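Notes follow the structure.
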Amino acid sequence: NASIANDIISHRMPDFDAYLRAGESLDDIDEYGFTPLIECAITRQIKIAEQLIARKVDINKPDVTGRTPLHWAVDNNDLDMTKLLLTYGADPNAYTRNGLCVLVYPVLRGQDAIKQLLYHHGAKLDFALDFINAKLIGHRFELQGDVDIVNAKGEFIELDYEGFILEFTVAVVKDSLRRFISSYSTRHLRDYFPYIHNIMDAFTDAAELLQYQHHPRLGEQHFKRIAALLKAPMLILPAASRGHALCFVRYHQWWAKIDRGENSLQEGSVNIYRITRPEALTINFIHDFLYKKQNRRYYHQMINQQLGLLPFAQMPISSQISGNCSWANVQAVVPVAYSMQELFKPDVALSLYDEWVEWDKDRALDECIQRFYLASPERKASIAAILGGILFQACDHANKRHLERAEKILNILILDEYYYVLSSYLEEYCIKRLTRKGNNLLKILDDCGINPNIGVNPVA
């Protein structure tokens with residue numbers, strides 16, 4: 001074709017004057033959904049970006065998802081492009097449509113240089129930390145609905161507990177594993193740490209392979225990278241099908257499909273096959289798998305025939321029929337990849353999975369509790385809302401661990417300045433009508449030595 005986007009992708013300096021005479025604006029959204037500056041950021045082309053900035057393009061204009069050019073430069077860990085953008089007015093606290101600010105991914109990936117560069121130009125870390133913690137809590141505790149967090153301007157923005165973000169999920173799962181094997185309370189699991197390490201490695205590669213999905217036109221270097229990763233011992237392939245993320249794991253001659261949703265009613269959650277035609281696992285296979293649009297028939301039948309997937313084993317992973325199973329599908333990668341490395345004993349893998357999940361629940365809760373006492377009034381209100389959501393939705397009065405979490409939470413929700421949270425709940429689920437969860441909340445309050453003085457009593 002003939003396009004400024006195709007010029008940028010092909011590393012050719014565009015003839016900006018010819019495109020302007022043709023009636024185009026250098027801020028226009030191109031055929032790939034991006035602006036010329038966002039194309040420069042994606043392709044790490046700093047000279048073309050300098051040219052565009054010289055022609056006074058909107059340096060903060062995002063794509064439909066809300067990713068500003070600074071978002072794209074930072075997600076690439078490109079220090080020069082990030083510095084160029086920040087020099088000419090890129091908002092360091094811009095957030096995407098889901099509320100994901102510029103700092104989130106560098107925080108999750110431990111990229112200290114770009115984090116300090118963003119700090120120097122005004123980025124606020126609390127926004128990223130609160131977003132990460134709220135999303136992790138909504139996923140781990142299976143919370144429903146929304147909650148309001150505080151942006152870098154002290155204003156409340158909505159956050160969807162149920163919204164699934166794939167790259168965010170991969171990053172947060174890798175970081176959670178890193179924190180898990182580094183906790184004192186998990187030293188008795190030291191012998192299991194090497195295998196986990198490998199899993200983390202795979203997750204890293206997965207992140208890379210996912211980022212290339214945003215590129216408008218993959219080239220020689222992307223295919224060289226895919227060829228390099230096809231030689232890695234372990235491979236994690238998340239696939240999008242029917243609005244859900246299902247997961248595949250390759251480890252040497254073994255292949256594994258993880259789908260805890262509707263399909264698990266027919267197949268079970270986790271199936272492990274032997275790859276009898278490894279010669280079909282090529283660059284073109286990975287491209288069809290990750291970078292072309294495929295239907296359910298491709299992921300549930302075509303790949304079995306192409307790779308010659310011989311059924312070998314299965315894992316009794318619990319189904320997730322209600323809601324969105326993408327998060328659970330990504331979580332289940334850890335025990336499945338562990339078991340595949342063991343090659344067969346799902347016992348240790350499932351026990352490790354349960355221990356990791358419960359530890360991460362308690363870690364996120366402790367993060368919230370610790371940040372409450374150091375927080376501003378608005379962030380305190382947000383954290384109190386999150387804790388009340390945890391208490392009301394995820395704590396059963398017959399579970400002693402849930403009761404310990406409820407004690408932790410009620411230490412904060414009983415303060416006079418925040419009791420209103422509990423008040424609201426008891427107003428909307430105990431006085432107006434006695435729901436099941438309102439009854440459970442009354443029971444929990446009584447088992448912690450708390451009389452709400454509301455006129456309603458539990459019904460055992």
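Residue numbering restarts at 1 for every chain of the structure tokens, chains are lettered A, B, ... in their displayed order, and ligands are numbered from 1 as they appear.
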
Mind the document's chain letters and residue numbers, and return as an MDAnalysis selection string the residues of range 137-385 of chain A that DSSP labels strand (DSSP E). chainID A and resid 146:150 156:160 234:241 244:251 254:258 270:275 309:315

Neighbouring residues of range 362-375 of chain A were defined as those with any atom within 7 Å, considering only C-alpha atoms; residues of the same chain fewer than 6 positions away were excluded. Please report them as a list in words. residues 133, 137 and 383 of chain A

Return the single residue from A:122, A:66, A:278, A:268 that is closest to residue 252 in chain A, with distances computed using only C-alpha atoms.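 Under the stated criterion, the closest residue is A:278.
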
Residue among A:227, A:138, A:182, A:191 lying closest to residue 389 in chain A, counting only C-alpha atoms: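 For residue 389 in chain A, the nearest of the candidates is A:138.
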
Can you pull out every residue within 12 Å of residue 173 in chain A, counting only C-alpha atoms, but drop anything in the same chain fewer than 2 positions away, and send it as a PDB file with N, CA and C atoms, in the first residue's frame?
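The file below, selection-v4.pdb, is the result:
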ATOM      1  N   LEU A 108       5.294  -4.191  38.025  1.00  0.00           N
ATOM      2  CA  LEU A 108       5.120  -5.640  38.060  1.00  0.00           C
ATOM      3  C   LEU A 108       6.345  -6.376  37.531  1.00  0.00           C
ATOM      4  N   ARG A 109       7.103  -5.753  36.632  1.00  0.00           N
ATOM      5  CA  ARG A 109       8.267  -6.382  36.023  1.00  0.00           C
ATOM      6  C   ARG A 109       9.580  -5.985  36.685  1.00  0.00           C
ATOM      7  N   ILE A 132      -2.913  -2.543  41.196  1.00  0.00           N
ATOM      8  CA  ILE A 132      -2.448  -3.927  41.224  1.00  0.00           C
ATOM      9  C   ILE A 132      -3.093  -4.682  42.379  1.00  0.00           C
ATOM     10  N   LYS A 135      -6.954  -5.260  41.808  1.00  0.00           N
ATOM     11  CA  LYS A 135      -7.198  -6.306  40.819  1.00  0.00           C
ATOM     12  C   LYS A 135      -6.863  -7.682  41.380  1.00  0.00           C
ATOM     13  N   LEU A 136      -5.722  -7.798  42.069  1.00  0.00           N
ATOM     14  CA  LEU A 136      -5.322  -9.084  42.628  1.00  0.00           C
ATOM     15  C   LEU A 136      -6.317  -9.564  43.675  1.00  0.00           C
ATOM     16  N   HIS A 139      -9.548 -10.766  41.995  1.00  0.00           N
ATOM     17  CA  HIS A 139      -9.393 -12.068  41.351  1.00  0.00           C
ATOM     18  C   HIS A 139      -9.243 -13.192  42.374  1.00  0.00           C
ATOM     19  N   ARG A 140      -8.356 -13.016  43.359  1.00  0.00           N
ATOM     20  CA  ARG A 140      -8.085 -14.082  44.320  1.00  0.00           C
ATOM     21  C   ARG A 140      -9.309 -14.396  45.169  1.00  0.00           C
ATOM     22  N   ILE A 165      -7.591  -9.134  32.299  1.00  0.00           N
ATOM     23  CA  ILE A 165      -6.556  -8.568  31.442  1.00  0.00           C
ATOM     24  C   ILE A 165      -5.421  -9.579  31.369  1.00  0.00           C
ATOM     25  N   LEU A 166      -5.110 -10.042  30.155  1.00  0.00           N
ATOM     26  CA  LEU A 166      -4.230 -11.198  30.000  1.00  0.00           C
ATOM     27  C   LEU A 166      -2.784 -10.862  30.354  1.00  0.00           C
ATOM     28  N   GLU A 167      -2.228  -9.814  29.740  1.00  0.00           N
ATOM     29  CA  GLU A 167      -0.838  -9.453  30.007  1.00  0.00           C
ATOM     30  C   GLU A 167      -0.642  -9.062  31.465  1.00  0.00           C
ATOM     31  N   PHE A 168      -1.585  -8.289  32.012  1.00  0.00           N
ATOM     32  CA  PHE A 168      -1.560  -7.975  33.434  1.00  0.00           C
ATOM     33  C   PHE A 168      -1.571  -9.243  34.274  1.00  0.00           C
ATOM     34  N   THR A 169      -2.404 -10.218  33.897  1.00  0.00           N
ATOM     35  CA  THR A 169      -2.493 -11.454  34.667  1.00  0.00           C
ATOM     36  C   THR A 169      -1.177 -12.224  34.632  1.00  0.00           C
ATOM     37  N   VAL A 170      -0.552 -12.321  33.457  1.00  0.00           N
ATOM     38  CA  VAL A 170       0.727 -13.021  33.352  1.00  0.00           C
ATOM     39  C   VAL A 170       1.774 -12.348  34.232  1.00  0.00           C
ATOM     40  N   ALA A 171       1.859 -11.017  34.147  1.00  0.00           N
ATOM     41  CA  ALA A 171       2.844 -10.289  34.941  1.00  0.00           C
ATOM     42  C   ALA A 171       2.602 -10.475  36.437  1.00  0.00           C
ATOM     43  N   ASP A 175       4.998 -12.289  39.283  1.00  0.00           N
ATOM     44  CA  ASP A 175       5.429 -11.561  40.473  1.00  0.00           C
ATOM     45  C   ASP A 175       4.960 -12.250  41.752  1.00  0.00           C
ATOM     46  N   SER A 176       3.760 -12.837  41.728  1.00  0.00           N
ATOM     47  CA  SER A 176       3.245 -13.543  42.892  1.00  0.00           C
ATOM     48  C   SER A 176       4.064 -14.789  43.185  1.00  0.00           C
ATOM     49  N   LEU A 177       4.463 -15.524  42.145  1.00  0.00           N
ATOM     50  CA  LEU A 177       5.345 -16.668  42.358  1.00  0.00           C
ATOM     51  C   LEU A 177       6.683 -16.226  42.943  1.00  0.00           C
ATOM     52  N   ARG A 178       7.243 -15.131  42.413  1.00  0.00           N
ATOM     53  CA  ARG A 178       8.507 -14.616  42.931  1.00  0.00           C
ATOM     54  C   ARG A 178       8.394 -14.272  44.412  1.00  0.00           C
ATOM     55  N   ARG A 179       7.320 -13.577  44.793  1.00  0.00           N
ATOM     56  CA  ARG A 179       7.112 -13.258  46.202  1.00  0.00           C
ATOM     57  C   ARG A 179       6.867 -14.514  47.028  1.00  0.00           C
ATOM     58  N   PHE A 180       6.215 -15.517  46.438  1.00  0.00           N
ATOM     59  CA  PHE A 180       5.868 -16.728  47.169  1.00  0.00           C
ATOM     60  C   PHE A 180       7.112 -17.506  47.567  1.00  0.00           C
ATOM     61  N   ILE A 196       9.449 -24.315  40.076  1.00  0.00           N
ATOM     62  CA  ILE A 196       8.752 -23.033  40.023  1.00  0.00           C
ATOM     63  C   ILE A 196       9.551 -22.026  39.209  1.00  0.00           C
ATOM     64  N   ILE A 199       8.957 -22.447  35.625  1.00  0.00           N
ATOM     65  CA  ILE A 199       7.636 -21.920  35.288  1.00  0.00           C
ATOM     66  C   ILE A 199       7.713 -20.413  35.101  1.00  0.00           C
ATOM     67  N   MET A 200       8.351 -19.724  36.053  1.00  0.00           N
ATOM     68  CA  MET A 200       8.505 -18.278  35.936  1.00  0.00           C
ATOM     69  C   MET A 200       9.178 -17.916  34.621  1.00  0.00           C
ATOM     70  N   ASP A 201      10.270 -18.614  34.288  1.00  0.00           N
ATOM     71  CA  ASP A 201      10.925 -18.405  33.002  1.00  0.00           C
ATOM     72  C   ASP A 201       9.911 -18.469  31.869  1.00  0.00           C
ATOM     73  N   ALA A 202       9.131 -19.553  31.829  1.00  0.00           N
ATOM     74  CA  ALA A 202       8.136 -19.705  30.776  1.00  0.00           C
ATOM     75  C   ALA A 202       7.189 -18.515  30.756  1.00  0.00           C
ATOM     76  N   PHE A 203       6.695 -18.115  31.933  1.00  0.00           N
ATOM     77  CA  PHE A 203       5.795 -16.969  31.992  1.00  0.00           C
ATOM     78  C   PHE A 203       6.447 -15.744  31.373  1.00  0.00           C
ATOM     79  N   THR A 204       7.723 -15.509  31.695  1.00  0.00           N
ATOM     80  CA  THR A 204       8.466 -14.418  31.077  1.00  0.00           C
ATOM     81  C   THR A 204       8.332 -14.477  29.563  1.00  0.00           C
ATOM     82  N   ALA A 206       6.198 -16.033  27.784  1.00  0.00           N
ATOM     83  CA  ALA A 206       4.807 -15.804  27.412  1.00  0.00           C
ATOM     84  C   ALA A 206       4.533 -14.315  27.272  1.00  0.00           C
ATOM     85  N   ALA A 207       4.956 -13.531  28.271  1.00  0.00           N
ATOM     86  CA  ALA A 207       4.767 -12.087  28.216  1.00  0.00           C
ATOM     87  C   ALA A 207       5.302 -11.524  26.909  1.00  0.00           C
ATOM     88  N   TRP A 327      -8.947 -16.219  34.504  1.00  0.00           N
ATOM     89  CA  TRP A 327      -8.023 -16.102  35.627  1.00  0.00           C
ATOM     90  C   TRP A 327      -7.673 -17.471  36.194  1.00  0.00           C
ATOM     91  N   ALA A 328      -8.688 -18.302  36.447  1.00  0.00           N
ATOM     92  CA  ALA A 328      -8.441 -19.635  36.985  1.00  0.00           C
ATOM     93  C   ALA A 328      -7.630 -20.482  36.012  1.00  0.00           C
ATOM     94  N   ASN A 329      -7.884 -20.325  34.710  1.00  0.00           N
ATOM     95  CA  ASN A 329      -7.115 -21.063  33.713  1.00  0.00           C
ATOM     96  C   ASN A 329      -5.642 -20.683  33.766  1.00  0.00           C
ATOM     97  N   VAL A 330      -5.347 -19.392  33.934  1.00  0.00           N
ATOM     98  CA  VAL A 330      -3.952 -18.973  34.034  1.00  0.00           C
ATOM     99  C   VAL A 330      -3.336 -19.465  35.340  1.00  0.00           C
ATOM    100  N   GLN A 331      -4.097 -19.414  36.439  1.00  0.00           N
ATOM    101  CA  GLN A 331      -3.575 -19.895  37.717  1.00  0.00           C
ATOM    102  C   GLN A 331      -3.217 -21.373  37.649  1.00  0.00           C
ATOM    103  N   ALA A 332      -4.056 -22.176  36.989  1.00  0.00           N
ATOM    104  CA  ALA A 332      -3.835 -23.617  36.932  1.00  0.00           C
ATOM    105  C   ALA A 332      -2.577 -24.000  36.165  1.00  0.00           C
ATOM    106  N   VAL A 333      -1.943 -23.057  35.463  1.00  0.00           N
ATOM    107  CA  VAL A 333      -0.722 -23.366  34.723  1.00  0.00           C
ATOM    108  C   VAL A 333       0.383 -23.834  35.663  1.00  0.00           C
ATOM    109  N   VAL A 334       0.420 -23.304  36.882  1.00  0.00           N
ATOM    110  CA  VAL A 334       1.498 -23.596  37.827  1.00  0.00           C
ATOM    111  C   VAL A 334       1.499 -25.077  38.201  1.00  0.00           C
ATOM    112  N   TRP A 356      -0.024 -21.948  47.556  1.00  0.00           N
ATOM    113  CA  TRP A 356       0.314 -20.689  46.902  1.00  0.00           C
ATOM    114  C   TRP A 356      -0.892 -19.759  46.830  1.00  0.00           C
ATOM    115  N   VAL A 357      -2.061 -20.296  46.474  1.00  0.00           N
ATOM    116  CA  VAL A 357      -3.244 -19.450  46.331  1.00  0.00           C
ATOM    117  C   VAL A 357      -3.656 -18.861  47.676  1.00  0.00           C
ATOM    118  N   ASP A 360      -1.225 -16.192  48.735  1.00  0.00           N
ATOM    119  CA  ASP A 360      -1.378 -14.947  47.988  1.00  0.00           C
ATOM    120  C   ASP A 360      -2.609 -14.174  48.447  1.00  0.00           C
TER     121      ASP A 360
END
